[PDB]
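Read the structure below first, then the notes.
Rule-based calculations on the coordinates, nothing more; no lab input. So basically every Cβ, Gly included, is an ideal-geometry build from the backbone, and we count neighbours across all protein chains shown.
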Ligand code: CHL
Ligand code: CHL
Ligand code: CLA
Ligand code: CLA
Ligand code: CLA
Ligand code: CLA
Ligand SMILES: CC1=C[C@H](O)CC(C)(C)[C@H]1/C=C/C(C)=C/C=C/C(C)=C/C=C/C=C(C)/C=C/C=C(C)/C=C/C1=C(C)C[C@H](O)CC1(C)C
Ligand SMILES: CC1=C[C@H](O)CC(C)(C)[C@H]1/C=C/C(C)=C/C=C/C(C)=C/C=C/C=C(C)/C=C/C=C(C)/C=C/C1=C(C)C[C@H](O)CC1(C)C
Ligand SMILES: CC1=C(/C=C/C(C)=C\C=C\C(C)=C\C=C\C=C(C)\C=C\C=C(C)\C=C\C2=C(C)CCCC2(C)C)C(C)(C)CCC1
């Protein structure tokens, strides 16, 4: 090899996830928006 | 969902019948599950209620402390294989590297279990003794089961009906966590692997990788 | 007569040597010999609950203790009917062999291979009938929770009161006999790992050196 | 409970309201007998008293066919599954005992019992006992008792009862005093009986057509439905391959 | 180089989460009409 | 092809697909016959 | 469709050796990992979603 | 239907739907028989009438 | 056997044709569904009988 590539193209990666930190930050962002929405639900 | 009053949900649904007369639905976690009647005397009821709640909190804490380290171990955090599975974590202090929190050499790094348990006894004896009095240095006298105040900096115990439904939420989550914790002690005794590893192997083939695969391990021999 | 077991001078747990009888156990209900040295039946409604789960425990122990040795009784000389699964504490492995779960050695009886499916049917059906036991339904609702006797008593029998008293203490004594025998079953499964009838034959061959003293070395922590 | 769905002027019919008017039912069906669906296209119903007369024949017929259906499905299933029944298939069971043959009883769970009873004595005791119980049915006299319905009843308990629905010793589990649950179980019993006798006619027809037992029929049908059905067994063999 | 992927995935899930909970959040009542 | 027992009915078979298209067109005849009410 | 694929001896597999064969499917892969990874992947030529 | 040709040049869309179920399919893919397709069509027509 | 099946199928075609031309007219007829019930039942019973006849005649043809 002549360069360092991600090498995840294809291979059946669910949601294109190849490392766990990306799935963890996806779940973290969705959970953060969900917590904000839930605590600030019912308008007030 | 009317978690108090006479129309409270019960421990068997519509087939629950008559709830006990000494449990009319004033306290959270009320479903009438009183088949043996351990709580006839109200003082005994109070002691069991405090015991249940303290165990609920401890079970919630143990649930995260038993799920998080192996998740981090399988998610790139360099735990040793000894301390990644919870029932062997106490054996990590016997190694040359000490107890490495999150696999860090210069973090914690304790090698004297004697002094660790000594300071543990002192700190937790002080904490539980201050719990037992209901009075602490800087803390006035109030409800011992539900202190709040310094223990509730967020201030979510101010409003009554939300405080009551949050009490219900707390006791039900504690009951779920104590199912989980007793389950983890069961897999620890039987399977000898971590609970997340057990779920992982169960997802490979749920037909054979379940509780029935370990029914013949403890059978005696003559 | 009736007063031999329900009088104030009834049969006790020491005969004529039970001078300090508890005051609340007057001999009204079946049994009531006064064996409450732990004093755990002080409260009345709790004593009722413990009595009800006592009779339930007794009846299901009667089924268990009787059904322990029936397959071992029907075991033949070599075991075409059942292999290693004729023994009580090896009966569950009757689902995992290459043939299935045959009731009495033939494919025409039961012949199941989905232990999970029979588990689900067992759980749903008998949890439902427990709900019927505690609330009511097709059989009866407002009857005595311990002693209904309406659809479960079709052969007459239950109509005479002194007969009730006699064959109810017959219940409690037969149930306690099976209860004690079942403890024997589990502990002989633990300390020896050998079947009850074969242990009985080994003892009647030579009672001298064959006793539990022959297995007192087995639990020695070497 | 819920007797209005089967009893009363408005009830389930053999055709719904959009296709059958409520006035096309003949007058002698007004919703008082079990199984009242208003299905009398020909002139066999005539009037309610003749309906009551055929009701006894219909109920005993339904019960007999229900016993026949159960005693057909069970022993052939036991034979196909491995039980030593020796003649489980229903329309060869008489051909076993002619010269020196016998039968075997598989009474669950402790069956496998060799019967030495000869056919002549069996037929004699069968005809005598069925004639005696039939005379007891039609004339309402019984010599002895000791039934779970009531302990040690006398001979004069059948008088004053009702024909085809007599209470007492014929209800060992009781639970028939209440009129609502009694009528519900009545409709349930008569519908179960007609399901059972339609089944019985189907077992006989499938026997005469395929030459094998009906449990074998349904097991082969579930083995391959399109390779074993009405048109397949009535086809015969192979079928020229139609390009 | 995967750092760019992590950043863009985070912001995409952020915008999608805004969309999902915005339409989960009682959207049909955001109308001047009598409904 | 059809089997031997059904071969003469193939021309009768050969006109079916237009019938669903004639159903909406029949609905148009219906709507014109009620004079577009 | 399950009954046809496992118990009625039908449906053609194109991947049988020699050019395919109508094959009664034994041991189908029902596991949640492969099924859900089949439903949550990219719709492009790298994998193809469905 | 022309039986000697491969069965995709005849402008047929749903006989592949029946043939994917393997109903009358040879080892290599030969059509063999057309009666399952015929009986499927007739049962559909009677169901359509009711 | 082929001729019997062919005649039965032709009769089934004519019966279904009669049902097609009659059922909507009779249904949408003012006070017609309650008076043509017998002939509609006869047509449907005949239609089903010829369907089952062609079905049982396939296996002999
Ligand atoms: C009171 C119920 C009950 C008991 C006592 C047992 C006991 C046993 N089962 Mg078992 N089962 C029971 C119910 C059920 N089983 C099964 C399905 C199976 C299977 C599939 C298998 C077993 C097997 C076994 C044996 C495992 C070997 C061993 O040393 O185990 C632990 C037992 C001891 C150390 C002996 C002491 C027992 C004593 C502590 C029990 C009494 C108190 C308990 C806490 C029970 C409390 C009530 C509730 C929780 C059941 C064992 C003797 C296996 C076997 O036979 O292998 C040869 C096997 O393969 N069981 C089902 C589902 C239908 C059950 C449903 O209720
Ligand atoms: C996985 C494969 C599997 C296979 C191959 C079989 C195969 C069989 N199982 Mg099964 N089972 C299997 C799984 C399972 N079984 C069961 C639970 C049972 C039970 C509880 C029974 C069977 C029985 C049977 C047999 C039924 C055939 C028969 O007798 O037909 C001929 C019979 C019929 C078609 C119907 C007969 C019904 C019977 C109740 C008649 C009673 C008549 C009385 C007049 C009742 C009157 C009562 C009151 C109202 C007065 C058969 C050999 C039966 C058996 O072993 O019988 C000896 C049986 O009783 N299975 C479970 C748990 C859910 C399974 C789980 O996987
Ligand atoms: C040891 C923890 C603990 C304690 C001290 C209590 C205490 C109490 N519970 Mg509670 N509960 C618990 C755990 C506990 N619970 C769990 C795990 C569940 C879920 C099953 C529940 C669900 C529950 C309901 C639905 C209700 C109560 C109620 C009550 C009150 C009256 C009942 C009573 O006195 O029984 C005394 C309890 C004990 C003596 C604990 C004995 C523990 C032994 C060792 C059990 C051994 C076997 C056990 C079944 C474990 C097997 C595995 C298990 C996970 C299935 C009382 C204050 C009632 C209430 O209204 O609350 C105010 C009521 O409605 N509980
Ligand atoms: C999800 C479980 C749960 C829930 C619903 C509650 C709910 C409640 N607790 Mg409580 N508690 C819990 C767990 C829980 N607790 C555990 C495990 C402990 C042991 C550390 C305690 C110890 C405790 C004390 C000492 C007191 C309370 C009190 C209260 C009441 C008011 C406080 C409040 O509303 O804050 C808000 C509650 C929440 C927003 C839910 C908690 C969700 C957090 C964010 C998750 C934290 C996990 C995170 C990874 C950190 C790990 C834990 C770490 C701090 C050790 C309230 C009804 C006070 C009281 O009794 O009222 C007068 C009080 O005195 N709790
Ligand atoms: C779990 C089974 C069980 C239960 C719930 C009961 C319950 C009861 N028994 Mg009973 N008993 C049992 C088993 C049981 N018994 C057995 C097997 C025997 C035969 C030895 C007896 C013989 C007996 C007599 C003679 C009398 C009673 C009486 C009573 C009643 C009041 C006494 C009491 O409350 O003690 C408390 C019981 C419990 C808290 C539950 C028992 C479970 C324990 C804690 C665990 C096992 C104990 C021990 C370790 C077993 C191993 C030793 C073994 C070799 C015996 C009460 C309702 C008295 C009565 O008034 O009759 C109605 C009476 O005089 N019992
Ligand atoms: C020898 C133990 C024994 C005794 C003395 C009694 C006595 C009594 N029972 Mg009881 N019962 C028992 C065991 C016993 N039972 C068991 C083990 C079960 C669970 C199956 C039951 C379940 C039960 C119910 C549901 C009810 C009673 C009731 C009653 C009362 C009246 C009816 C009766 O059973 O008459 C006594 C009859 C006998 C003692 C005959 C027993 C001889 C048998 C046939 C020996 C053969 C055993 C056999 C191999 C076991 C397998 C059979 C199995 C498939 C069922 C009476 C006080 C009724 C009640 O509540 O009171 C009103 C009632 O509703 N029992
Ligand atoms: C109610 C009633 C009534 C009726 O009537 C009767 C009866 C039956 C009696 C009843 C019931 C009861 C019950 C069930 C109970 C139970 C409870 C529980 C389960 C608890 C737990 C509870 C649980 C718990 C606390 C838990 C805890 C946990 C923990 C601490 C852990 C810790 C840890 C961790 C983190 C990790 C590491 O590495 C290790 C350690 C360090 C170790
Ligand atoms: C009273 C008193 C008073 C004083 O003072 C104090 C004290 C001490 C507390 C006391 C006493 C107590 C006691 C004695 C107790 C006991 C208990 C028991 C016996 C248990 C067991 C118990 C036991 C039991 C039930 C058992 C049962 C059994 C069974 C079911 C079985 C089953 C089975 C069978 C059939 C067979 C198969 O193959 C298997 C199975 C399926 C598994
Ligand atoms: C002609 C022919 C044939 C024959 C045939 C036959 C003989 C038979 C049949 C058949 C059939 C027979 C078919 C069918 C159909 C059916 C259907 C189509 C059904 C239905 C039903 C429904 C649709 C229901 C509805 C409902 C109701 C009303 C109630 C409730 C709700 C529900 C929705 C469930 C074949 C093909 C072989 C060959 C050629 C010729």
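The table for this structure:
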quantity	calculated
Any hit, region A:25-42, residues being within 14 Å of residue E:2 (Cα to Cα) and surrounded by 14 or more Cβ atoms within 10 Å (Cβ to Cβ)	yes
Selection within region B:37-82 - within 14 Å of chain C (Cβ to nearest Cβ) and in a helix (DSSP H, G or I)	B:42, B:43, B:44, B:45, B:48
Chain H: number of residues that are touching a helix residue (DSSP H, G or I) at 6+ places or on another chain (Cβ under 7 Å), outside any loop (DSSP other than H, G, I, E, B), more than 15 Å from residue F:1 (Cα to Cα) and within 14 Å of chain G (Cβ to nearest Cβ)	1
Search result, residues across chain F that are surrounded by 11 or more Cβ atoms within 10 Å (Cβ to Cβ) and assigned to a loop (DSSP other than H, G, I, E, B)	F:1, F:2, F:3, F:4, F:5, F:6
Sole exception among (1) away from ligand 8 (no atom under 14 Å from the Cβ); (2) closer than 28 Å to residue B:217 by Cβ; (3) within 14 Å of chain B (Cβ to nearest Cβ) for residue C:43, by number	(2)
Residues being surrounded by fewer than 16 Cβ atoms within 10 Å (Cβ to Cβ) and closer than 24 Å to residue B:31 by Cβ - total across region B:62-86	0
One residue from C:117, C:165, C:93 being within 11 Å of another protein chain (Cβ to nearest Cβ) and more than 20 Å from the chain's Cα centre (by Cα)	C:93
Test: residue in region G:25-46 that is assigned to a loop (DSSP other than H, G, I, E, B), within 14 Å of chain H (Cβ to nearest Cβ) and within 24 Å of residue H:26 (Cβ to Cβ)	yes
Residue ranges of helices (runs of 4 or more DSSP H) in region D:154-243 with at least 3 members within 14 Å of chain I (Cβ to nearest Cβ)	D:179-210, D:230-235
Those residues of region C:120-158 which are over 18 Å from residue D:177 (Cβ atoms), away from chain B (no Cβ under 14 Å) and either in a loop (DSSP other than H, G, I, E, B) or within 16 Å of ligand 4 (Cβ to nearest atom) (or both), in sequence order	C:147, C:155, C:157, C:158
Every residue from region B:181-222 that is within 16 Å of ligand 1 (Cβ to nearest atom), farther than 20 Å from residue B:74 by Cα and part of a loop (DSSP other than H, G, I, E, B)	B:207, B:208, B:209, B:210, B:215, B:216, B:217, B:218, B:219, B:220, B:221, B:222
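Yes/no matrix, rows are residues, columns are (1) within 14 Å of chain D (Cβ to nearest Cβ); (2) within 16 Å of ligand 6 (Cβ to nearest atom); (3) under 21 Å from residue F:7 (Cβ atoms); (4) in contact with a strand residue (DSSP E or B) (Cβ under 6 Å, 6 or more places away or on another chain):
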residue	(1), (2), (3), (4)
I:18	no, no, no, no
I:27	yes, no, no, no
I:33	yes, no, no, no
I:37	yes, no, no, no
I:50	no, no, yes, no
I:56	yes, no, yes, no
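For (1) surrounded by 13 or more Cβ atoms within 10 Å (Cβ to Cβ); (2) part of a helix (DSSP H, G or I), each residue gets a yes or a no:
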site	(1), (2)
D:57	no, yes
D:71	no, yes
D:78	yes, yes
D:98	no, no
D:123	no, yes
D:135	no, yes
D:138	no, yes
